[PDB]
Every structure is written in structure tokens, then in C-alpha cells.
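K.L.:
requesting a structural model of the entry that follows:
(chains A and B)
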There are 2 protein chains.
Amino acid sequence: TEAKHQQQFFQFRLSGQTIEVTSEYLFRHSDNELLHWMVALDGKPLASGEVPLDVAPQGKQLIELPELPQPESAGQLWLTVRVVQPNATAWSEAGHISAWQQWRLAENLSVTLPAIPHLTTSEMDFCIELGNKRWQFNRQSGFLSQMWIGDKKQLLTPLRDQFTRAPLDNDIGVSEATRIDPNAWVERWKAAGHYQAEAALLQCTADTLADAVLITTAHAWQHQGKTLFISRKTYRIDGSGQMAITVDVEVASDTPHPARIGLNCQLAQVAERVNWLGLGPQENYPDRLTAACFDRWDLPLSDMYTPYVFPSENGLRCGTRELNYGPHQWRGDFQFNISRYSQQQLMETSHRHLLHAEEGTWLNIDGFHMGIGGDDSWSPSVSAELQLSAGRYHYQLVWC
Amino acid sequence: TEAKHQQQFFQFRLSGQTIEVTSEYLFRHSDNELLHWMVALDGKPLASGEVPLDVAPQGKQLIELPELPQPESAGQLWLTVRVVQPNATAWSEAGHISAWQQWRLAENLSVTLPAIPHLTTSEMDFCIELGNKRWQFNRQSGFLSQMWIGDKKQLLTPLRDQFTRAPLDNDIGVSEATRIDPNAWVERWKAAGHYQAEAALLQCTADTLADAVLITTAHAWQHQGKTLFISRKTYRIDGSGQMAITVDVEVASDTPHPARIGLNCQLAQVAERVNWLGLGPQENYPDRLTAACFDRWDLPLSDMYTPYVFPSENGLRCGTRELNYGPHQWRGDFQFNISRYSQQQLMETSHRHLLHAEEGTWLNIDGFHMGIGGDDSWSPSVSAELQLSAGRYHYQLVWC
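P.N.:
Residues are numbered from 1 along each chain as shown, chains lettered A, B, ... in the order given. Below is the structure in question.
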């Protein structure tokens, strides 16, 4: 689909209210083409229309959109156009989409303003109660170890920072089985000990505010006395049941740049659908997301796993502002994937048919994710602006 | 100096311990050239050496550095090389530097761990007392309005967010006085109301931790019912006298990208020197910083103001991890300028001789600063990666 979008024969430019369509056909007029446009406010459709394409080969057609309805709610307005072929051809069905493009329109930042959670202090854990719910923070590990909705535990594995991915074929960087590229990203990550790095708890305290509870943690990841990453976190659990998570990550400049900076947990839930506001229905990465579109997407959970024959990191969706899985909701500005296979099982399994679904749902939420490359697959091919080289990283997430 | 660095006739590459020098002379051997190298750990010199250059025209010389001393103190090791001409020529004195380059070496992230400040609540202000010191937060404006060291006030103007700069000639985008470019950055900033935008206080509360005090603020900047920017802040005043400031800024995607995202205040101090760990002795911008070097720099305060004949934003230093001015210290990862002229007076004064020094010191500390452009001066010339287009911005600062 990335190939389809980049190779599309119509190119689009949005002046202000005008869409300029350019034909990259050399010989045919656009005689089987219908432009559909839609304006949505973070997934919700506000306006839509249809305009027949009437563009010569290598020519341009100006399409003036009507007066768009400047809404009242906060959020980002998005314009999406798609060229549909209303007639079947010898090679395509009626209604075939041949080209599309999306733009941000006007944005309206929200300035609207929003019991009290109870903090139990044991020597081994911090427990925060609000209503039926509980949050449990292991004071020895420093991680949120368990969550309670009603009577039922929500996690099978604690919420923990993750800096690695199960390596893609581009990460592995081999074209002949007998020759290993020592500059390959997986060779550099393994030699740096990214997959072996142990978290050293630096700080984990709890403070009761007059409207919430604040858990502060700091961890250092180390391999052989070298600190690779430091993760500083604050968890703000308010009376409205939200858990605001702020993460500041420092990466040593001399370590190879990590594949991702995010969080990972094994949810106890196995739900059927994934619902979320972000880029594209399909899998998209920071290096490959131009074909994706921002919208509200809703797919079965099997659709969020790409069954590459050699298993690797897969199924990521970027630009996500909201993710819904069962009763849980995560908001912010993140990338995610979600599936029944941990990154460890993906990395250790040579064939997709040897994968087995693990008992809950593995959730990877990334503030930051490296590009996937692909200029070739036998040398480092992620461009320098798609590498996580900034050294300090910040992201915020809200879970309910 | 940026022109001197980019045009230098020796080019450098650091493999691992080896410096490869490439000559861009066509006709002369490097017969008046001495490479000086120095390794420092955040300004402090650890090792240094001298190596005569012996490179043919268009040739290469490999220089293997000795065993560098792997230090114990946290911080970033930096390698700086400079080519000096030991002999005078007809056009240069003895000791003339003709070329230089700096690299990051190994980094060691710090994982070391560090009374109680008293919070007065009035209806108009929050006041935090610790020792001799006081911090005052205007509850109606939401800003830190005054600071006390001993008996003496430290601010003449409250610490406030700043999203504008006094426009450069490239921002103004005019080459003929009769013709105004409506796409010029200053025209877009003025039409969007960046210079007129009024801060609307959303939130300002205070919470007393068991080791510090936390002031939380949120502001919205608006022009004619459009929210341009939202600034969310936390001020953490601990028992060690530090004030940790965290700022998260949201920018509306439909406003023109702001010239800077930072803080600005008028310090009551007028001190003689500026001392700081960051890029270059000279003024450097995100678009123009390759000639600068990371080191500890110490200049008179007049050296931090560039007296451009048409006054504009000037004197910024990027990549700064620590800034010292009188008894104050700011740490983090910021850009700053410091001078006796506010951005307003710089913007309103047509000639440098019409500037008058204001009573204290104007401090601008930027998390983020736009590039200055200069491909031409009569059209928009800041490249897209040097524009503040990310929409959400985070920076942290510590004032001590």
C-alpha cells in the first residue's frame, strides 16, 4: 500500500480551500475517475462531497472545496481525498481507489478544564485505590505490577520500559548466510547489550496530592557497568480514574541508537477488536507511513499482527492519539502494536507457523520508534533522521 | 566564523581512535600546519597533544590518538582538533587557526542520587520559603513573579513563556522597501497575532510534597478567540534550593510555526561575565552552529550581544547545558541569549545606536528556537526541518 500511494498517478496540493489535482498520465484523460473528499474532526465525519476528475494527461484541475463547517469541539480537522474509478476496467473492479491524500486543516486546541485516590504504603508495594479500581506499584522493581478493575487483574506482566524490537530483516542485515555484517543494527544492539540490559532501580517514591497520587520512578539500564538508558517517570493517578504517565528517557550517545523508546506490558485481556485514532488501517512505521491516513480505525486483533514468514517486529501503527482495547484506553501521541506474541517470542522463532499465541495481549506503546530502512537489506539502511539519536526523549500517556 | 569553518581546507573524520585528515589543497603540501587535539569532559581538559600535519594535496593523513583516559565522573567526553599554522605567512600571524572539528566521544550517564521548603498560601500568591530564599508565584497571573536571595529581589519582570523573537532581516523578507512579502515569517507571525497574543490562566495550584513543593500551571495564549499555544508547567522546589521547571507546550498546527519556545525574564542583576557550558564562544543558531564548539565559555556580557546595525534577535548560543550569570545557574539542554535589551526594544528600534540598556538583564532561555535562514533574505528561507512544526514541545530546566 505504501508502493501504491507513492506510485499513484494523481498528485495533490492543497492551497487553502482549493485542491489542485495533477495528472501523471501521459496519454489518457481521467475518464474513469471520481474525487471523493471528506473532512473529519478526529475520525468523526463533518462534511463530504464528490467531484468528477477532468484532467488532461500531465495537466491540472483545480477543485474548490465548499465552505467547510468550522466546528466547536476541540481537535484537529482532517481533509482526505480519494480518487475512485466508478467503472470497472479489464484490471480493476468498480469502485477501485487509485490515489489518495490527506491534509491537516484548522486545529482548535482544547483549553477546557476537568473522589480522591487512596494510597496504601507497604514496605513492598504502593497501592492506590479509587472506587472499585486499584493500582499496584512494586517498590522493589519500581514498576506498576498489577491493576484491578472490579475483582479482576488486568496485567500478566508489569508495565516496563522497552528499548528493543524483535529485529527486522533489514536490522539483521544479511544477504549471504555465511557473512555477518558487524555494522548491522542487530549486531550493534546485541554487542551493546540492548537485549540483555538489566534495569537498576534508582528511585521510587509516592506522594499524596490534594486531588491525586504521584508515583515517581527512575531506572537505569546497564550492561557490564555501562548505563545505556535512564528512564524517569511520574504516574499521576487522579480522582477521575485517569493515570497520567510521563516518561523522560536519556540514552548514552555512545550506545547504538535504540530501536524504540516505549513501554510494554502483557494485558490479561484478550479482546476481539482494536479501536484507535491514528494513522492508517494497515501497519505503518516512521519510515513507511505516507500511505496511512489519520482516522478512527477498528480492526480485529488478528489484523494488528502481520504474519511475515520470518517473524519480526510488526503491526506498528504510528501517529496514534487514542487506543482502545477492551475496557482500556490510552491517549497521547504514540506508536503502538498489539498482538498475542511478545517481542521475545517473535525474535526467537524462525517461522511464523512456529509462533504460539501467548495467554494475554502484548501491548507495545512507543513514544519513539526507529525507521525500518530497506534501501537494501544487507547494510545499514535507516536514514539518519529516522534514527533515535537525540539522546533525551519525552513522552506522556494517559491510561483509562 | 561559520563561513571559515565550512570553507576550511582540511576535513576530518573520526573512525574510532583515529582522526583521518583530508587535504582540500590542490597544489601545496601542508607545510605550515600543526594539529592540536584535546579531550575534555564537559569543559574540563583531560588530555591533549600535538601532531604535525603531513598531508599531500588532496591526500589523507591518519592520526591515531593515544589511549584516552576513561574518566569516572559522569558527563560527555568531547574531542576537539584544531589546525594551527606555527609560522606567519604574508596574510596571517603565527598561531593562526585554519580549521577545526569536534566529536562526541564516550558518554557516562549519571545515576547517582541526591531541609524542606515551606509553602505560604495567600489568595493572591504562593510563596515558598527555604533558608534565606523565597519564590513568589502570582496566583492571578500564574507566573513566578519574584525571587529572594537574602533581602534582594532577583527579577524585574516575571518568568514568562515567549514564542516570538525580534525579527531578523531574513524574517522580515524584504529586498525592496515598497514591496511586502505576505509569506514573510514576520508578516505571518504578525497576522497570526504572535506578538499580540494574551496569556489566559487555566490552572495554577500548589502541593506540598514530603521533600519539596510543586506548583502546577497551565496557560493558553490567544488572539481573537484562537488558542495559539498552551503551556503546561510544573515547578518543583526541593529542600536543596533547586527549582526544577518542566514545560510542555502545544502549538496549533494551523498557526505559523513560532520563532521560539522558551522562557524570558528580566533579571535584577547586571553582572559582568557570562559563564556557561554549551556551543561556541560566538553567537550560534540551530541553522548556523557548525562552527561553534562545545566547551566552557566565559565572555563579558557585551560579548553576548551582537550589535547588528539593524537590531534584531541576536546573541543566541545553542546546545547549552549550563548557564551561569552572577549567583544564578540554569541547567538543562537549552538555547539562550542574555543582554540588556529586551526583544521588544530590539524589534522597535531601527538602529543599533538608538538602543538603550535596560535596567536589569533580559534572559531568554529557549527549549526550541527556529533557524535563521539566509538562502536569500526576501523570501522564506528557513528549511522545513529547522522550523518548529512538531506541535508539541517539552523542555526541562533547573534554576540554582
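
K.L.:
return the residues in contact with residue A:312.
P.N.:
Going by C-beta atoms under 8 Å, 6 or more residues apart in numbering or on different chains, residue A:312 touches A:165, A:166, A:167, A:168, A:169, A:171, A:346, A:347. To be clear about C-beta, it is placed using only N, CA and C from the backbone, and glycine gets the same treatment.

K.L.:
nearest residue to the fourth one in space, please, no chain neighbours.
P.N.:
To tie it back to what came earlier, the one meant is residue A:168. residue A:312 (4.6 Å; C-beta to C-beta, 6 or more residues apart in numbering or on different chains).

K.L.:
also the third one?
P.N.:
The shortest distance from residue A:167 to any residue other than its chain neighbours is 4.1 Å, reached at residue A:186 (C-beta to C-beta, 6+ apart).

K.L.:
find the residue at the geometric middle of chain A.
P.N.:
residue A:335 (1.6 Å; C-alpha atoms, centre = their mean).

K.L.:
does any bit of the helix or strand harbouring that residue sit next to chain B?
P.N.:
If you go by DSSP states H and E, residue A:335 is part of strand A:328-339. Yes - against chain B, strand A:328-339 shows contacts by C-beta under 8 Å from any C-beta of the partner chain at residue A:333.

K.L.:
buried residues in the very next helix or strand once past that strand?
P.N.:
Using DSSP H and E, the helix or strand that follows strand A:328-339 in sequence is helix A:343-348. Across helix A:343-348, burial judged by 16 or more other C-beta atoms under 10 Å in any protein chain shown covers A:343, A:345, A:346, A:347.

K.L.:
if we can go back for a sec, which one of the contacts of residue A:312 is nearest residue B:236?
P.N.:
In terms of C-beta to C-beta, no member of the contacts of residue A:312 lies closer to residue B:236 than residue A:165, at 33.7 Å.

K.L.:
what residues are up against the closest one?
P.N.:
A:171, A:259, A:260, A:312, A:313, A:343, A:369, A:370.

K.L.:
would you map the helices across chain A?
P.N.:
A:2-6, A:169-172, A:185-192, A:343-348 (DSSP state H).

K.L.:
chain center to the last one: distance?
P.N.:
The one in question is helix A:343-348. Between the centre of helix A:343-348 and the centre of its chain there are 19 Å (C-alpha atoms, centre = their mean, to the nearest Å).

K.L.:
got the residues of the stretch 1-150 of chain A near chain B?
P.N.:
Neighbours of chain B within the stretch 1-150 of chain A, by C-beta under 8 Å from any C-beta: A:76, A:104, A:105, A:106, A:107, A:108, A:109, A:111, A:113.

K.L.:
for the third one, give its distance to residue A:83.
P.N.:
As judged by C-beta to C-beta, to the nearest Å, residue A:105 and residue A:83 stand 20 Å apart.

K.L.:
if we can go back for a sec, dump the residues of the stretch 1-150 of chain A next to chain B to a markdown table, plus neighbour count and distance to residue A:275.
P.N.:
Output for the residues of the stretch 1-150 of chain A next to chain B, formatted as a markdown table (neighbours: other C-beta atoms under 10 Å in any protein chain shown; distance: C-beta to C-beta, whole Å):
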| residue | neighbour count | distance to residue A:275 |
| --- | --- | --- |
| A:76 | 20 | 18 |
| A:104 | 14 | 22 |
| A:105 | 21 | 24 |
| A:106 | 16 | 26 |
| A:107 | 20 | 23 |
| A:108 | 19 | 23 |
| A:109 | 22 | 24 |
| A:111 | 16 | 27 |
| A:113 | 7 | 27 |
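
K.L.:
in a markdown table, list those along with distance to residue A:400.
P.N.:
Putting the residues of the stretch 1-150 of chain A next to chain B into a markdown table (distance: C-beta to C-beta, whole Å) gives the following:
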| residue | distance to residue A:400 |
| --- | --- |
| A:76 | 21 |
| A:104 | 26 |
| A:105 | 28 |
| A:106 | 28 |
| A:107 | 24 |
| A:108 | 23 |
| A:109 | 21 |
| A:111 | 21 |
| A:113 | 18 |
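
K.L.:
what's the nearest residue to residue A:249 if we skip its chain neighbours?
P.N.:
residue A:393 (4.3 Å).

K.L.:
who's in contact with the one you found?
P.N.:
Listed by C-beta under 8 Å, 6+ apart, the contact set of residue A:393 reads A:247, A:248, A:249, A:250, A:251, A:261, A:367, A:368.

K.L.:
of these, which is the nearest to chain B?
P.N.:
Closest approach between the contacts of residue A:393 and chain B, by C-beta to the nearest C-beta: residue A:250, at 5.8 Å.
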